[PDB]
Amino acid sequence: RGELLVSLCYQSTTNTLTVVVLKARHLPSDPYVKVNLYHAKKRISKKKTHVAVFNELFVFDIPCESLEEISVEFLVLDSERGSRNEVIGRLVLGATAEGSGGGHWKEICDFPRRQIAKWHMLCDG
């Protein structure tokens, strides 16, 4: 399913979360990335890159005092005129994400104000 390089930084003093979509590799196409921010299970924000180096920094406002019920969803999509863009791959980082996102997310919580970059495997989405 391919790989996605993301950097995250929990700027806790301002309650912001910065997210950089850097790049994808080994994609199976006209890729862009959509980024959804969830509070508990409600989407509270969304971003997307242009349409595979992406190099795009986003700043999210966190409405609560911690990242405990926050999750970030990355979708790598193939842009195609005249039909629904197909999800090439998917990545969720959060407090109960599979393993990848999970530990990257934990490290973000453990080292606030640090930028931590990591390669993650994409899943089906």
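In case it trips you up, residue 1 is the first one in the sequence shown, and so on.
Colleague: I want to verify a possible break: how many residues of the deposited sequence sit between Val51 and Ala52 without any coordinates (none, 1 to 3, 4 to 9, 10 or more)?
Modeller: Count of unmodelled residues in between: 4 to 9.
Colleague: Which fits the stretch between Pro28 and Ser29: none, 1 to 3, 4 to 9, or 10 or more deposited residues lacking coordinates?
Modeller: Unresolved stretch here: 4 to 9 residues.
Colleague: Quick one: higher average CA temperature factor, 99 to 107 or 19 to 27?
Modeller: Comparing 19 to 27 with 99 to 107, the higher average CA B-factor belongs to 99 to 107.
Colleague: Which wins on mean Cα temperature factor, 69 to 77 or 90 to 98?
Modeller: The stretch with the larger average C-alpha B-factor is 90 to 98.
Colleague: Using only modelled residues of the chain, where does the Cα B factor of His39 rank: lowest third, middle third or highest third?
Modeller: Highest third of the chain for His39's C-alpha B-factor.
Colleague: Can you work out whether the C-alpha temperature factor of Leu4 puts it in the lowest, middle or highest third of the chain?
Modeller: Lowest third.
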